[PDB]
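Visitor: Structure of the sequence below:
(10 chains)
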Amino acid sequence: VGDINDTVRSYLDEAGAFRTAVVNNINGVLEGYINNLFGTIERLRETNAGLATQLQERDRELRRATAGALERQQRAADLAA
Amino acid sequence: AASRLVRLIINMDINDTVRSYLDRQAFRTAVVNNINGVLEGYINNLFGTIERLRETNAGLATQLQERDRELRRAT
Amino acid sequence: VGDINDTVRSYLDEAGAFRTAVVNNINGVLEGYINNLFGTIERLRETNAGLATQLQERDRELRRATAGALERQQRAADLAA
Amino acid sequence: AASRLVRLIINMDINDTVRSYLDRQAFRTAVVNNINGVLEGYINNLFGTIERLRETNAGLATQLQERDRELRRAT
Amino acid sequence: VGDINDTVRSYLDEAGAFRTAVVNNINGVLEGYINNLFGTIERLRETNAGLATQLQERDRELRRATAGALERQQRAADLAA
Amino acid sequence: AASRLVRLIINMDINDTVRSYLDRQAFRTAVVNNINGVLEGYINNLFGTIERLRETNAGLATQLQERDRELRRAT
Amino acid sequence: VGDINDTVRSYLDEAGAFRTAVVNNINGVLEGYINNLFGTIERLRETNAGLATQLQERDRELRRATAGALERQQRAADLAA
Amino acid sequence: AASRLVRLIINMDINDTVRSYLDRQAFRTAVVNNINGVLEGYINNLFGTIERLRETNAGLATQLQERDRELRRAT
Amino acid sequence: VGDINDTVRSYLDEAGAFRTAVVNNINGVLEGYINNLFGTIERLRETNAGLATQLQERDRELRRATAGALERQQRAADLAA
Amino acid sequence: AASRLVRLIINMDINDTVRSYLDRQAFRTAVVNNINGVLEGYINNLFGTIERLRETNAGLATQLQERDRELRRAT
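Guide: Residues are numbered from 1 along each chain as shown, chains lettered A, B, ... in the order given. Sure, structure below:
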C-alpha cells in the first residue's frame, strides 16, 4: 500500500535524538513480534506432529491392505492348482 | 530507521503503532501540513474507489435480478 | 444532530499554537478512520467476488436449461413429422 | 480546523473522540460556562423530547389493548 | 440513597480555579449522558415504528373479520326471506 | 455546581464518576478525615443492613422448610 | 492473612504526609466497597422477595389441602351414619 | 492507617490494590530490600506447599488406580 | 531461554538508582505471582478433596462386593454339605 | 536484580513484563544498538526456523497425498 510508503517518506524528510527514540519504538514492536512468532512456532510444531502421526497410521493401514491382498492371491492360486 | 520499517513490512498493526508513536514550531507545522495533504489525497482516492465499486455492485445485483427473472420467464 | 455545529461555533468563538495542536489531534483521529475505511473496502471486495461467482453459476445453469428445452422441442417436431 | 469537522458531518466514535479531546483564566472560565449552559439546555430539550415519545408510545399501547379487546368482543 | 447528598455537602464545605475544572468535568459527564440519551431515543423510535406496523396489521384483520360477519348475516337474512 | 449534579441525579453511574473525580494541606487533611469517618459509619450501617436481611432470609427459609414438611406429613 | 500482617508490619515500621495520602486512597477504596455493598444488598433484597412469594404460594396450597381433607372426612362420617 | 486495612480485611481484591499502590533515600532502599527478601521467602514457602500437595495428589491417584485394578480383578 | 540470558548479560553490562527501580518492579511482578500461586493452591486442593471422596466411594463399593462374594461362597458350601 | 530473574526463569508472562519495563545519551545509544543487533540476529534465526518448518510441512503433505493415491490405486 502506498500510504505506508508516503508516511515513511514524510518522516524521512522530517529527519533530514530522534533516531534513538525511533529505534526504541522499533525495539518495542520487535519484541511484540517476538511473542507473536513464538506463538506461531508452537502452533506450527503441533500441526507438524499431527501430520506425522496421521501419515504413519496411513502407512500401517496400507501395509495391512497389501498383505491381505497378497494372502488372498496366494490362496486363490493354491486352490486353482 | 525507515529501512527497518521496510524490512518489517516486506516480512508480511505495525503501521498503526508507528504512526501513533510519530504522533521548532515552524518545522513542526510544515511537517504536519505535508502529512495532512498526503492523507487527504489518499482519503479522496479511497472514496473514489469506494464509489466505483459501489456502482459496480449495484450493476451486478441488477444483472443478477434480471437474469433470474428471465430464467423464471423461461420455465 | 446539531451538536457538531454548536461545538464548531463554540470552538470558532474561542479561537477568535492551539491551532497546530488541534490539527495534530484531528490528523491522528483521521489516521484512526483510515483503518475503518480499509476494513470496509476488504469486506465489500469479498462480497463483490461472491456476487460475481454466483452470476457465472446462474449463467451456466440458464444455458443448460435453454439447450435442453431446444433439444426437447426439436425431438418433438421430428417425431410429429 | 472546523472545516474538517464540517466535512466529517456532511460525509454522513470519531466525532466523540475529537469533541472529547477538544473539551487567560477569565476567558477560559467564560468559555467553559457558555459550553456548560448550552449543553444543559440541549439536555433539557432532549429530556422533553424523550418524554413526549414515551407518552406517545404509552398511548399507542393503550389503543392497541382497547382495540384488541373490542375485537375479542366482536368474536 | 443519601450518600450523594452527604458528599455534596462535604464538598461544599471544602470549597468554603477548582470550580472551573469541576464544571469542565461536569459538562464532559453530561456529554456522555447526551450520547446515552441519543441511543435511548433511537431505540424508542424503533419501538414506536414496530407498534405502528403491528397496529396496521391488526386493523387489516379486524376489517376482514367485520366484513365477513356482515356478509354471513346478510346471507342468513336472505335465506330466512 | 454541586446542585446541578443533584438535580441531574434526582432527574433519573453518575455517582461513581463524580466521586472518583472529587478525589490547602490542612484543609484537605481535615476534609479527608471527615469524609473517611462518614464513609466508615455508612459502611458499618450497610453491614448492619446486610446482617438484618440475611437473618430475615434464614428465618424465612427455615419456616418454608418446616411448613413444607408439615404439608408432606399432612398429605 | 500472613502476607497482610507482614506487609502491615513493614509499612508501620517504614512510616515510624504519608498518612494523608494513604487515608485518601483508603477513602477511595472504601467508596468502591460501598458500590459492592449496594450491589449485594440489592440482590439479597430480590432473593427475600422471591422467598416471600414462595411462602405465600405454599400458604395457599396448604389451606386448600387441609380444607379438602376435612371435607372428605365429613363426607365419610356422614355416609357412615 | 494500617489498622483500618486489617479491620477491613478481617471484616469480610483490597489486598492486591493496596499492595500495588504501596509499592530518607537510604531508609527506603533498605525497606525495599527487606520487602523483597520477605516476598522471596514467602514464594519459596508457597512452592514448598505446592510440592507437598503434588506429592499427595500423585499418591492418591496411584492408590486409586491400584484399588480399581483389584476391584476389576475381584470377579 | 537463551535470549533471556543474553538480555540479562547486556543489561548487566549497561548497569554494572535504576537498580532500585528494577528491584521495585520485579517485586510487583512477584507480588502478582503470589496471587497466581494462591489460585493454583486452591485449585489443587479442590482436586485433592474430589480425589479423596472418590476414594471413599470406591472403598464402599469394594467392601460390598467382597461381602457379597463371601456370602455366595458360604451359601454354596452350605448347599454342598 | 539479574539473579532474581535468572532464578525465576530457572524455575520454569515474566519476560513480557520485564522486557516491557526495561525497554547518558552515548551509553543509551550504544546499549540500544547492541540490543538491536542481538534481537535482529535471532529474529533472522527464527525466520530461518519458520521457513524450514514450512518446507517440512510441504514435504509431509505431498507424501500424504502420494500415499493416499497409492491406497486408492490399490483396490
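Visitor: Every contact and neighbour count from this point should use C-alpha atoms.
Guide: Noted.
Visitor: what does chain A have sitting close to chain J?
Guide: Within reach of chain J by CA under 8 Å from any CA of the partner chain, chain A has these residues: A:20, A:23-24, A:27-28, A:30, A:34, A:37, A:41, A:44-45, A:48, A:51-52, A:55, A:58-59, A:62, A:66.
Visitor: Sitting in helices, which of these do you find?
Guide: Judged by DSSP state H, the residues of chain A next to chain J include A:20, A:23-24, A:27-28, A:30, A:34, A:37, A:41, A:44-45, A:48, A:51-52, A:55, A:58-59, A:62, A:66 as members of helices.
Visitor: Buried subset of those residues, written for PyMOL?
Guide: To isolate the buried ones among these in PyMOL, judged by 16 or more other CA atoms under 10 Å in any protein chain shown, type:
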select buried, chain A and resi 20+23+24+27+28+30+34+37+41+44+48+55+62
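Visitor: Most proximal residue of chain A with respect to chain I?
Guide: Nearest residue of chain A to chain I: residue A:34, at 10.7 Å (CA to the nearest CA).
Visitor: Please name the residues that touch that residue.
Guide: Residues in contact with residue A:34 (CA atoms under 8 Å, 6 or more residues apart in numbering or on different chains) are residue J:43.
Visitor: Over to the one 3 residues further on?
Guide: If a contact means CA under 8 Å, 6+ apart, then residue A:37 has residue J:46 as its contacts.
Visitor: again, 10 Å this time
Guide: Residue A:37 is in contact with A:31, A:43, J:43, J:46-47, J:50, counting by CA atoms under 10 Å, 6 or more residues apart in numbering or on different chains.
Visitor: from those, which two are the most distant?
Guide: Taking CA to CA as the measure, these span a maximum distance of 18.7 Å, between A:31 and A:43.
Visitor: separation between residue A:60 and chain B?
Guide: Plainly put, residue A:60 is 40 Å away from chain B if you go by CA to the nearest CA, to the nearest Å.
Visitor: show me the residues around that residue that make contact.
Guide: Per CA under 10 Å, 6+ apart, neighbours of residue A:60: residue A:54.
Visitor: Determine the number of other residues adjacent to residue A:40.
Guide: Look at residue A:40: counted by other CA atoms under 10 Å in any protein chain shown, it has 13 neighbours.
Visitor: Would you pull up the residue in chain A closest to chain B?
Guide: Minimum separation of chain A from chain B (CA to the nearest CA) falls at residue A:8, amounting to 6.2 Å.
Visitor: which stretch of helix or strand covers that residue?
Guide: For residue A:8, the host element (DSSP states H and E) is helix A:2-15.
Visitor: now that helix, how far from the chain's geometric center?
Guide: 34 Å (CA atoms, centre = their mean, to the nearest Å).
Visitor: One more: stretch A:25-44?
Guide: Centroid separation between stretch A:25-44 and its chain, computed with CA atoms, centre = their mean, is 15 Å.
Visitor: same deal with stretch A:24-43?
Guide: Centre to centre, stretch against its chain (CA atoms, centre = their mean), the figure for stretch A:24-43 is 17 Å.
Visitor: With stretch A:44-55 instead?
Guide: 10 Å.
Visitor: now stretch A:4-22
Guide: How far stretch A:4-22 lies from its chain's middle: 35 Å, per CA atoms, centre = their mean.
Visitor: quick one: buried residues of it?
Guide: For stretch A:4-22, the neighbour count (16+ other CA under 10 Å) marks A:4, A:7-8, A:10-11, A:20, A:22 as buried.
Visitor: Would you format those as TSV with distance to chain I included?
Guide: As requested, these are exported to TSV (distance: CA to the nearest CA, whole Å):
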residue	distance to chain I
A:4	31
A:7	32
A:8	30
A:10	33
A:11	30
A:20	16
A:22	20
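Visitor: For stretch A:25-44, list the C-alpha coordinates in PDB.
Guide: This file holds the C-alpha atoms of stretch A:25-44, laid out as PDB (Å, rounded to 0.1, in the frame of the first residue of the first chain):
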ATOM      1  CA  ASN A  25      10.000   2.100  19.200                       C
ATOM      2  CA  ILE A  26      11.200  -0.400  16.600                       C
ATOM      3  CA  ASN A  27      12.600  -2.400  19.500                       C
ATOM      4  CA  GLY A  28       9.200  -2.500  21.200                       C
ATOM      5  CA  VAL A  29       7.300  -3.600  18.100                       C
ATOM      6  CA  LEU A  30      10.100  -6.100  17.500                       C
ATOM      7  CA  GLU A  31       9.600  -7.700  20.900                       C
ATOM      8  CA  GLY A  32       5.800  -7.800  20.300                       C
ATOM      9  CA  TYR A  33       6.500  -9.700  17.100                       C
ATOM     10  CA  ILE A  34       8.900 -12.000  19.100                       C
ATOM     11  CA  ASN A  35       5.900 -13.000  21.200                       C
ATOM     12  CA  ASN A  36       3.700 -13.400  18.100                       C
ATOM     13  CA  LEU A  37       6.400 -15.500  16.300                       C
ATOM     14  CA  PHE A  38       6.900 -17.800  19.300                       C
ATOM     15  CA  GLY A  39       3.100 -18.400  19.300                       C
ATOM     16  CA  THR A  40       3.000 -19.300  15.600                       C
ATOM     17  CA  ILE A  41       6.100 -21.500  16.000                       C
ATOM     18  CA  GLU A  42       4.300 -23.500  18.700                       C
ATOM     19  CA  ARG A  43       1.100 -23.900  16.700                       C
ATOM     20  CA  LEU A  44       3.100 -25.000  13.600                       C
END
